[PDB]
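Student: To start, I am sharing the structure in question, which I have written as structure tokens.
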Amino acid sequence: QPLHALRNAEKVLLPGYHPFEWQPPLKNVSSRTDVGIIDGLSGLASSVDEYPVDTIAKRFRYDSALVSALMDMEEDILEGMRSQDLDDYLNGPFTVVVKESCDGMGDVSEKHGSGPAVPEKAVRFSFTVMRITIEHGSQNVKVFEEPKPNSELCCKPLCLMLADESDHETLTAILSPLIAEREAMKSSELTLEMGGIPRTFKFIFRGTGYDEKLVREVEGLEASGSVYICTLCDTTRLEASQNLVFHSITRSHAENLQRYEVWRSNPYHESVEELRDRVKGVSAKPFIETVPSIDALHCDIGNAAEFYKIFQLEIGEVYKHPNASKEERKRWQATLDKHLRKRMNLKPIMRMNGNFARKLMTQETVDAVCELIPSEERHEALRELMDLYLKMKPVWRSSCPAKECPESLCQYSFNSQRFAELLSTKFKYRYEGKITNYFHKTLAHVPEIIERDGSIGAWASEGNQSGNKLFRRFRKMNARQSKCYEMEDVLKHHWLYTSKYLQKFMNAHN
Amino acid sequence: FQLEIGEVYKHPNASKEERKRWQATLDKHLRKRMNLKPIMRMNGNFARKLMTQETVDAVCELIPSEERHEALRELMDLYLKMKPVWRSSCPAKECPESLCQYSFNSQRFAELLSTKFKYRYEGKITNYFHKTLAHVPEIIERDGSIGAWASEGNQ
Amino acid sequence: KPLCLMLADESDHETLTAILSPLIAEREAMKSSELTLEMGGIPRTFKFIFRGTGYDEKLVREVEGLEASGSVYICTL
DNA sequence: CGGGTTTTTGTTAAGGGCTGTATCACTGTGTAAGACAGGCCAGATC
DNA sequence: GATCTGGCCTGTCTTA
DNA sequence: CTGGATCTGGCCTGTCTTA
DNA sequence: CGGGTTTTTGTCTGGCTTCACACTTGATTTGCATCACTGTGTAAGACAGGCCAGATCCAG
DNA sequence: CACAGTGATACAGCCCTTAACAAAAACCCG
DNA sequence: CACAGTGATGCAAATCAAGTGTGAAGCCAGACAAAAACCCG
Ligand SMILES: [Ca+2]
Ligand SMILES: [Zn+2]
């Protein structure tokens with residue numbers, strides 16, 4: 001068909017097409033059901049008499065986006081209903097849970113022409129459904145669940161703006177309407193027509209696709225180099241390097257709000273350090289509610305980087321020679337890089353990534369590294385260390401540790417305790433009084449995380465990075481090259497690409 | 001342009017912060033008037049858009065002098081009169097007047113640089129200014145067209 | 001139309017010459033011959049006159065045997 | 001070669017609807033080292 | 001034993 | 001009244017942590 | 001809770017199409033598994049420690 | 001005078017429906 | 001336990017070709033059953 005036929009058919013898939021209405025009318029939200037791509041600034045004034053604005057933004061409306069996604073998944077929901085031995089005319093309360101994500105991007109070049117002074121950065125925000133469950137009879141039964149939770153074909157974009165993730169003012173000014181809509185939606189039901197039957201929908205919002213940097217910046221916490229290292233418990237860097245296995249999740253949103261209140265009001269009238277101790281390192285007002293979780297991608301990246309460091313320290317026998325110049329460490333790093341290129345076919349890189357991390361964690365990699373170390377017992381130490389790490393990783397890296405690795409799940413505490421003991425005894429030269437964030441996050445909190453959710457790898461931020469790649473591609477080859485319309489085009493094209501109603505036409509092999 | 005904004009013909013000495021300020025002011029002006037973002041290395045489209053009469057008009061709003069204005073106007077006029085000779089795919093059938101008057105225009109351009117631009121072009125010159133003012137008519141009469149043999153296709 | 005792809009430094013003279021020697025050899029060889037072939041069922045005759053002009057000034061200085069641009073002999077013509 | 005009769009086209013008195021093309025403001029490929037002239041301290045020196 | 005020389009640096013200019 | 005021992009203030013400077 | 005009055009259809013009835021259906025074997029054409037890799041992860045902030053400077057204190 | 005794109009918008013072009021006529025291409029008869 | 005690619009290669013499976021006689025699923029002339037969905041009775 002010609003291009004105008006495509007343009008006309010696009011209307012059915014884009015948001016703002018199907019009528020819907022919540023039981024108890026959303027607060028501070030309009031009732032217009034024909035609201036599609038709108039301005040992202042949300043009526044922010046651009047007068048010279050006020051704070052300067054230098055960003056642009058485009059976004060949907062959140063409820064309209066969810067209604068469009070449900071219209072898109074209607075067929076999958078009906079097939080799930082049929083496959084579980086249920087009736088299609090059931091209109092019970094559907095329980096939906098989604099996954100949120102947000103990351104900043106760099107090296108986004110600015111274009112010529114008129115317009116505001118747009119910075120050379122970008123920040124994206126997206127959502128992704130996870131599962132749908134109806135309450136039939138007494139217990140529950142799941143109707144649909146994403147088979148590929150970390151795929152780029154299921155990361156629906158919501159908001160796109162060319163700003164800086166460190167600019168707190170602009171970030172809040174852009175994200176506050178979405179958070180308001182989310183909070184208003186968290187206490188309402190959605191009446192929606194599927195196959196000619198009004199269905200009831202309820203939502204459970206969970207945000208886990210955030211790196212630690214953004215969590216610390218949003219949850220009203222300090223930076224990563226602070227003494228409070230964990231975003232789940234209240235331990236400090238000192239105590240975290242002495243116990244390593246006995247901690248409990250404590251941090252939460254309401255607790256952070258109360259903490260900030262205590263910090264601002266200062267009821268007991270104490271000094272700055274005593275007030276920091278009382279508040280446990282909270283000095284800002286949170287504005288996004290997130291659940292305590294762990295990102296698997298960045299966890300693996302940090303673990304591989306630290307292992308890398310440990311390897312290039314073991315090559316130099318630092319456990320006996322505490323003093324060392326910079327040239328010695330440079331020679332050690334260069335020797336390790338050349339040996340990895342020779343035996344592992346790996347190219348030495350500067351910034352740690354995922355594939356390098358996946359290829360580095362292997363027993364034969366440890367053998368190739370031990371080929372560089374004269375000592376004997378350090379070989380055994382490194383081999384046992386890597387064995388423990390590789391026996392622990394599938395617990396949090398898999399999508400269902402209760403069925404894909406029950407042996408490693410039920411024996412996760414003993415492995416973590418032995419790992420901590422090995423760090424304290426043999427590697428004392430580096431982990432005496434200090435330790436990284438991920439190490440604590442992995443050794444202390446993840447069993448509670450599985451017992452609280454059931455999986456960690458499914459709730460990662462992989463799909464977010466795949467969406468960043470798709471964004472880089474679309475902004476360059478699937479959009480008008482102009483500041484006034486590039487973002488709307490990219491957003492619409494990505495929304496069309498992420499849809500499932502079109503992907504079924506490509507699976508015409510069964 | 002940068003040197004003319006700062007009046008080098010009036011103050012032969014200058015610090016580095018003065019240079020930085022001059023460049024920033026020129027970049028800011030060009031961004032606000034000609035709609036051109038600041039770039040690190042000279043581009044090709046930026047070069048095409050930068051070489052206009054309007055650009056000189058916008059730049060002259062920063063030079064307080066009045067003769068400098070005339071100097072830059074005639075400079076840009078001569079350069080725009082010499083451009084199509086080496087940029088056209090067939091100057092013998094697309095711009096015969098510019099081809100026949102290229103020598104006179106080049107001589108006037110050189111005289112202008114030698115008289116009113118001594119502060120920069122005294123006892124030194126680049127490569128392409130020499131190539132353009134000295135060797136273009138002979139290459140034209142020898143091959144017939146410059147620009148058709150450019151290295152743009154490889155780029 | 002492409003003719004050669006390599007992964008080498010432009011400033012690296014030894015590798016550049018070692019890779020480009022056969023091409024220049026074949027070029028200089030056939031610059032004194034004529035080609036015949038049958039297109040449309042009729043044999044034809046062809047003669048070539050090659051002109052290397054798509055070179056920036058740095059590569060011209062490199063291949064022609066001159067020095068960097070910062071010298072005093074500035075013009076290559 | 002003509003009257004008489006037939007077939008297969010033109011045709012604007014005005015609107016509906018699908019299809020093709022011009023328009024607008026921009027984009028990506030030109031992207032690392034060498035030549036040189038002036039200034040300044042260690043140093044052989046008459 | 002201060003006196004020019006030698007050589008070493010270094011910022012600028014030129015092409016990318 | 002004053003020279004001089006000398007005890008912190010902060011300052012800049014790496015190092016480690018997330019990206 | 002079932003009587004009138006057209007729709008909606010499978011046949012009865014046997015006799016005319018246009019496709020359907022056994023075998024080869026040597027190609028010829030599709031369909032699908034396999035293998036070594038790819039991108040998206042990409043700038044600042046917290047904290048300890050040596051160092052003088054200058055204030056803090058001592059005694060003739 | 002680099003040039004192949006890049007997506008939405010608008011307008012011209014070319015098709016389609018009531019009109020009876022009216023001009024172009026051909027046999028039966030004379 | 002990322003994943004959808006990125007191209008070539010190599011092997012397994014479907015098919016076609018020519019050969020030809022029969023075999024079988026339609027449609028069709030009316031027709032007067034057999035429900036069967038409207039009306040309400
Ligand atoms: Ca990022
Ligand atoms: Zn913790």
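The way I read the labels, and the way they are meant: chains A, B, ... in the order of the structure tokens, residue 1 as the first residue of every chain, and ligand 1 as the first ligand shown, with later ones counted on from there.
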Would you mind listing what lies within 12 Å of residue C:60 as a list in words, with only C-alpha atoms (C1' of nucleotides) counted and same-chain residues fewer than 3 positions away left out?

Tutor: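 So, after excluding close chain neighbours, the residues are residues 10, 11, 52, 53, 54, 55, 56, 57, 63, 64, 65, 66, 67, 68, 69, 74, 75, 76 and 77 of chain C; 15 of chain E.
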
Student: Write to file, as an mmCIF file, in the first residue's frame, the residues of the selection just made, with N, CA, C and O atoms (P, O5', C5', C4', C3', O3' and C1' of nucleotides).

Tutor:
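After the write, part_9.cif holds the following:
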data_model
loop_
_atom_site.group_PDB
_atom_site.id
_atom_site.type_symbol
_atom_site.label_atom_id
_atom_site.label_comp_id
_atom_site.auth_asym_id
_atom_site.auth_seq_id
_atom_site.Cartn_x
_atom_site.Cartn_y
_atom_site.Cartn_z
ATOM 1 N N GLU C 10 47.629 5.642 8.040
ATOM 2 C CA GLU C 10 47.966 6.426 6.857
ATOM 3 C C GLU C 10 49.398 6.941 6.927
ATOM 4 O O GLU C 10 50.094 7.011 5.907
ATOM 5 N N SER C 11 49.857 7.303 8.125
ATOM 6 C CA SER C 11 51.222 7.782 8.299
ATOM 7 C C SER C 11 52.250 6.663 8.227
ATOM 8 O O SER C 11 53.429 6.939 7.978
ATOM 9 N N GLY C 52 45.223 10.755 -10.980
ATOM 10 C CA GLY C 52 45.061 10.730 -9.539
ATOM 11 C C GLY C 52 44.921 12.115 -8.943
ATOM 12 O O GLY C 52 45.918 12.820 -8.759
ATOM 13 N N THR C 53 43.689 12.519 -8.636
ATOM 14 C CA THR C 53 43.423 13.854 -8.114
ATOM 15 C C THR C 53 42.664 13.874 -6.796
ATOM 16 O O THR C 53 42.616 14.930 -6.156
ATOM 17 N N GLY C 54 42.077 12.760 -6.367
ATOM 18 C CA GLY C 54 41.319 12.733 -5.132
ATOM 19 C C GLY C 54 42.169 12.519 -3.897
ATOM 20 O O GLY C 54 41.819 11.714 -3.028
ATOM 21 N N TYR C 55 43.288 13.233 -3.806
ATOM 22 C CA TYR C 55 44.218 13.115 -2.690
ATOM 23 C C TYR C 55 44.282 14.449 -1.961
ATOM 24 O O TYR C 55 44.436 15.498 -2.597
ATOM 25 N N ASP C 56 44.161 14.412 -0.637
ATOM 26 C CA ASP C 56 44.391 15.614 0.148
ATOM 27 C C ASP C 56 45.882 15.942 0.179
ATOM 28 O O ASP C 56 46.733 15.120 -0.175
ATOM 29 N N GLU C 57 46.194 17.164 0.617
ATOM 30 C CA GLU C 57 47.562 17.662 0.503
ATOM 31 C C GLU C 57 48.548 16.842 1.328
ATOM 32 O O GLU C 57 49.702 16.676 0.918
ATOM 33 N N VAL C 63 53.196 10.779 -0.651
ATOM 34 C CA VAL C 63 53.465 9.866 -1.760
ATOM 35 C C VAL C 63 54.395 10.502 -2.788
ATOM 36 O O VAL C 63 55.177 9.804 -3.444
ATOM 37 N N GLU C 64 54.337 11.823 -2.950
ATOM 38 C CA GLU C 64 55.137 12.504 -3.959
ATOM 39 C C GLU C 64 56.576 12.733 -3.510
ATOM 40 O O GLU C 64 57.407 13.157 -4.319
ATOM 41 N N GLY C 65 56.894 12.450 -2.252
ATOM 42 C CA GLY C 65 58.250 12.600 -1.768
ATOM 43 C C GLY C 65 58.581 13.947 -1.173
ATOM 44 O O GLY C 65 59.766 14.265 -1.022
ATOM 45 N N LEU C 66 57.581 14.751 -0.830
ATOM 46 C CA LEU C 66 57.813 16.049 -0.217
ATOM 47 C C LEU C 66 57.769 15.906 1.303
ATOM 48 O O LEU C 66 57.695 14.801 1.846
ATOM 49 N N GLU C 67 57.817 17.056 1.971
ATOM 50 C CA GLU C 67 57.795 17.133 3.425
ATOM 51 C C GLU C 67 56.455 17.652 3.936
ATOM 52 O O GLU C 67 55.540 17.899 3.155
ATOM 53 N N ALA C 68 56.351 17.829 5.248
ATOM 54 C CA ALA C 68 55.117 18.300 5.855
ATOM 55 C C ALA C 68 54.739 19.683 5.321
ATOM 56 O O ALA C 68 55.529 20.378 4.680
ATOM 57 N N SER C 69 53.496 20.080 5.608
ATOM 58 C CA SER C 69 52.981 21.343 5.090
ATOM 59 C C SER C 69 53.608 22.543 5.790
ATOM 60 O O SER C 69 53.599 23.652 5.243
ATOM 61 N N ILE C 74 55.863 25.431 -0.042
ATOM 62 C CA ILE C 74 54.482 25.145 0.325
ATOM 63 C C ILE C 74 53.713 24.536 -0.840
ATOM 64 O O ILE C 74 52.911 23.614 -0.655
ATOM 65 N N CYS C 75 53.934 25.034 -2.050
ATOM 66 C CA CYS C 75 53.124 24.600 -3.176
ATOM 67 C C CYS C 75 53.655 23.295 -3.753
ATOM 68 O O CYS C 75 54.865 23.103 -3.896
ATOM 69 N N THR C 76 52.735 22.390 -4.078
ATOM 70 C CA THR C 76 53.071 21.153 -4.766
ATOM 71 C C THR C 76 53.021 21.299 -6.280
ATOM 72 O O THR C 76 53.346 20.346 -6.994
ATOM 73 N N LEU C 77 52.621 22.467 -6.778
ATOM 74 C CA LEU C 77 52.524 22.735 -8.207
ATOM 75 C C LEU C 77 53.675 23.587 -8.715
ATOM 76 O O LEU C 77 54.172 23.362 -9.823
ATOM 77 P P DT E 15 47.069 25.332 5.439
ATOM 78 O "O5'" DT E 15 47.482 23.972 4.712
ATOM 79 C "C5'" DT E 15 46.562 22.897 4.640
ATOM 80 C "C4'" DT E 15 47.268 21.582 4.896
ATOM 81 C "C3'" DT E 15 46.350 20.410 5.196
ATOM 82 O "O3'" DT E 15 45.983 19.751 3.990
ATOM 83 C "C1'" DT E 15 48.008 20.565 6.876
#

Student: Quick one: residues within 10 Å of residue E:10, only C-alpha atoms (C1' of nucleotides) counted, chain neighbours fewer than 2 positions away excluded, as a PDB file with N, CA and C atoms (P, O5', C5', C4', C3', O3' and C1' of nucleotides), in the first residue's frame?

Tutor:
ATOM      1  P    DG D  38      62.966  34.762  14.555  1.00  0.00           P
ATOM      2  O5'  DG D  38      62.797  35.061  16.115  1.00  0.00           O
ATOM      3  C5'  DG D  38      61.496  35.172  16.670  1.00  0.00           C
ATOM      4  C4'  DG D  38      61.470  34.659  18.097  1.00  0.00           C
ATOM      5  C3'  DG D  38      62.593  35.187  18.991  1.00  0.00           C
ATOM      6  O3'  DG D  38      62.042  35.745  20.171  1.00  0.00           O
ATOM      7  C1'  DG D  38      62.438  32.821  19.147  1.00  0.00           C
ATOM      8  P    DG D  39      62.938  36.673  21.128  1.00  0.00           P
ATOM      9  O5'  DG D  39      63.097  35.793  22.450  1.00  0.00           O
ATOM     10  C5'  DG D  39      61.961  35.147  23.005  1.00  0.00           C
ATOM     11  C4'  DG D  39      62.374  34.154  24.073  1.00  0.00           C
ATOM     12  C3'  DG D  39      63.544  34.602  24.947  1.00  0.00           C
ATOM     13  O3'  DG D  39      63.257  34.333  26.307  1.00  0.00           O
ATOM     14  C1'  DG D  39      64.016  32.491  23.985  1.00  0.00           C
TER      15       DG D  39
ATOM     16  P    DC E   8      69.894  19.026  22.314  1.00  0.00           P
ATOM     17  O5'  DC E   8      69.227  18.774  23.745  1.00  0.00           O
ATOM     18  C5'  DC E   8      69.513  19.659  24.825  1.00  0.00           C
ATOM     19  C4'  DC E   8      68.284  20.467  25.203  1.00  0.00           C
ATOM     20  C3'  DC E   8      66.953  19.880  24.725  1.00  0.00           C
ATOM     21  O3'  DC E   8      66.044  19.785  25.812  1.00  0.00           O
ATOM     22  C1'  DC E   8      67.117  22.172  24.134  1.00  0.00           C
ATOM     23  P    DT E  12      50.832  30.279  21.649  1.00  0.00           P
ATOM     24  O5'  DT E  12      51.071  30.283  20.070  1.00  0.00           O
ATOM     25  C5'  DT E  12      52.054  31.147  19.513  1.00  0.00           C
ATOM     26  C4'  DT E  12      52.224  30.896  18.027  1.00  0.00           C
ATOM     27  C3'  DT E  12      50.932  30.608  17.264  1.00  0.00           C
ATOM     28  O3'  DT E  12      50.968  31.274  16.015  1.00  0.00           O
ATOM     29  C1'  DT E  12      52.460  28.862  16.907  1.00  0.00           C
TER      30       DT E  12
END

Student: I'd like the neighbourhood of residue H:15 as number ranges by chain, where a residue qualifies if any of its atoms comes within 10 Å (using only C-alpha atoms (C1' of nucleotides)), though same-chain residues fewer than 3 positions away should be ignored.

Tutor: D: 17-19

Student: Please identify every residue of chain A that has at least one atom no more than 9 Å from any atom of chain G, counting only C-alpha atoms (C1' of nucleotides), and report them as a PyMOL selection string.

Tutor: chain A and resi 105-106+222-227+297-298+351-354+462+464-470

Student: So which bits of stretch 365-397 of chain A end up helix (DSSP H, G or I) when you DSSP the backbone, as a list in words?

Tutor: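 DSSP-assigned helix (DSSP H, G or I) residues in stretch 365-397 of chain A: residues 365, 366, 367, 368, 369, 370, 377, 378, 379, 380, 381, 382, 383, 384, 385, 386, 387, 388, 389, 390, 391, 392, 393, 394, 395, 396 and 397 of chain A.
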
Student: Using only C-alpha atoms, select each residue of chain B with any atom at most 6 Å away from an atom of chain A, and give the selection as an MDAnalysis selection string.

Tutor: chainID B and resid 35:37

Student: If you count only C-alpha atoms (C1' of nucleotides) and all ligand atoms, which residues end up within 6 Å of ligand 2, as an MDAnalysis selection string?

Tutor: chainID A and resid 230 232:233 440:441 444

Student: Mind the document's chain letters and residue numbers, and return as a VMD selection string the residues of chain C that DSSP labels strand (DSSP E).

Tutor: chain C and resid 38 to 39 42 to 43

Student: Write out as a list in words each polymer residue whose atoms come within 10 Å of residue C:13, counting only C-alpha atoms (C1' of nucleotides); drop sequence neighbours fewer than 5 positions from it.

Tutor: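 Listing them by chain and then by number gives residues 8, 18, 62 and 63 of chain C.
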
Student: Pick out the residues sitting within 10 Å of stretch 49-51 of chain G, and hand them over as a ChimeraX atom specification; count only C-alpha atoms (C1' of nucleotides), and ignore anything fewer than 2 positions along from it in its own chain.

Tutor: /F:11-14 /G:47,53

Student: Considering only C-alpha atoms and all ligand atoms, state which residue in the set A:435, A:370, A:381, A:123 is at the smallest distance from ligand 1.

Tutor: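 Counting only C-alpha atoms and all ligand atoms, the residue closest to ligand 1 is A:123.
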
Student: Skipping near chain neighbours, those fewer than 2 positions away, what residues fall within 10 Å of residue H:22 using only C-alpha atoms (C1' of nucleotides), listed as a PyMOL selection string?

Tutor: (chain D and resi 10-11) or (chain H and resi 20)

Student: Please indicate the distance in Å from atom CA of residue B:41 to atom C1' of residue D:31, rounded to one decimal place.

Tutor: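 If I compute the distance from atom CA of residue B:41 to atom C1' of residue D:31, I get 6.9 Å.
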
Student: In Å to one decimal, how far is atom CA of residue A:143 from atom CA of residue A:77?

Tutor: 6.3 Å

Student: Taking only C-alpha atoms (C1' of nucleotides) into account, find every residue of chain B that has an atom no more than 12 Å from chain E, and write it out as a ChimeraX atom specification.

Tutor: /B:41-42,120,124-128

Student: Those residues you just picked out, can you put them in a file as a PDB file, in the first residue's frame with N, CA, C and O atoms?

Tutor:
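part.pdb, written as the output of this step:
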ATOM      1  N   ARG B  41      36.252  21.445  14.906  1.00  0.00           N
ATOM      2  CA  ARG B  41      36.977  21.484  13.644  1.00  0.00           C
ATOM      3  C   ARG B  41      36.050  21.985  12.545  1.00  0.00           C
ATOM      4  O   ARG B  41      34.850  21.695  12.555  1.00  0.00           O
ATOM      5  N   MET B  42      36.614  22.740  11.603  1.00  0.00           N
ATOM      6  CA  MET B  42      35.823  23.340  10.534  1.00  0.00           C
ATOM      7  C   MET B  42      35.113  22.275   9.709  1.00  0.00           C
ATOM      8  O   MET B  42      35.730  21.313   9.247  1.00  0.00           O
ATOM      9  N   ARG B 120      48.278  40.367   9.733  1.00  0.00           N
ATOM     10  CA  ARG B 120      48.298  38.911   9.704  1.00  0.00           C
ATOM     11  C   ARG B 120      49.043  38.337   8.513  1.00  0.00           C
ATOM     12  O   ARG B 120      49.760  37.346   8.662  1.00  0.00           O
ATOM     13  N   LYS B 124      54.022  36.112   5.317  1.00  0.00           N
ATOM     14  CA  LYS B 124      53.603  34.726   5.473  1.00  0.00           C
ATOM     15  C   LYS B 124      52.228  34.554   4.844  1.00  0.00           C
ATOM     16  O   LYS B 124      51.452  35.506   4.729  1.00  0.00           O
ATOM     17  N   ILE B 125      51.941  33.317   4.439  1.00  0.00           N
ATOM     18  CA  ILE B 125      50.706  32.988   3.737  1.00  0.00           C
ATOM     19  C   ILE B 125      50.476  31.493   3.902  1.00  0.00           C
ATOM     20  O   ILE B 125      51.407  30.734   4.176  1.00  0.00           O
ATOM     21  N   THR B 126      49.225  31.066   3.754  1.00  0.00           N
ATOM     22  CA  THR B 126      48.899  29.655   3.876  1.00  0.00           C
ATOM     23  C   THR B 126      49.170  28.939   2.555  1.00  0.00           C
ATOM     24  O   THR B 126      49.840  29.457   1.658  1.00  0.00           O
ATOM     25  N   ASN B 127      48.640  27.721   2.437  1.00  0.00           N
ATOM     26  CA  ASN B 127      48.787  26.969   1.198  1.00  0.00           C
ATOM     27  C   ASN B 127      47.682  27.319   0.210  1.00  0.00           C
ATOM     28  O   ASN B 127      47.946  27.599  -0.967  1.00  0.00           O
ATOM     29  N   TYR B 128      46.432  27.319   0.679  1.00  0.00           N
ATOM     30  CA  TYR B 128      45.304  27.378  -0.241  1.00  0.00           C
ATOM     31  C   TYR B 128      45.081  28.774  -0.802  1.00  0.00           C
ATOM     32  O   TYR B 128      44.605  28.903  -1.933  1.00  0.00           O
TER      33      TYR B 128
END

Student: Can you pull out every residue within 6 Å of stretch 88-100 of chain B, counting only C-alpha atoms (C1' of nucleotides), but drop anything in the same chain fewer than 2 positions away, and send it as a ChimeraX atom specification?

Tutor: /B:84-86,102,145,147-148 /H:1

Student: How about saving the chosen residues, C-alpha atoms (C1' of nucleotides) kept, as an mmCIF file, in the first residue's frame?

Tutor:
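Printed below is again-v1.cif as written:
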data_model
loop_
_atom_site.group_PDB
_atom_site.id
_atom_site.type_symbol
_atom_site.label_atom_id
_atom_site.label_comp_id
_atom_site.auth_asym_id
_atom_site.auth_seq_id
_atom_site.Cartn_x
_atom_site.Cartn_y
_atom_site.Cartn_z
ATOM 1 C CA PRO B 84 32.384 29.590 -8.771
ATOM 2 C CA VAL B 85 35.493 29.475 -10.978
ATOM 3 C CA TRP B 86 36.971 26.638 -8.930
ATOM 4 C CA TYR B 102 39.306 35.752 -12.439
ATOM 5 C CA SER B 145 37.055 22.013 -14.822
ATOM 6 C CA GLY B 147 35.671 20.439 -8.679
ATOM 7 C CA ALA B 148 34.646 17.548 -10.897
ATOM 8 C "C1'" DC H 1 28.764 24.947 -6.880
#

Student: Could you produce a table of the residues of chain F lying within 10 Å of chain A, with the nearest pair of atoms per residue and their separation in Å rounded to one decimal, using only C-alpha atoms (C1' of nucleotides), ordered by chain and increasing residue number, as JSON lines?

Tutor:
{"residue": "F:16", "atom": "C1'", "partner": "A:225", "partner_atom": "CA", "distance": 7.2}
{"residue": "F:17", "atom": "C1'", "partner": "A:225", "partner_atom": "CA", "distance": 4.7}
{"residue": "F:18", "atom": "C1'", "partner": "A:224", "partner_atom": "CA", "distance": 5.3}
{"residue": "F:19", "atom": "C1'", "partner": "A:213", "partner_atom": "CA", "distance": 6.9}
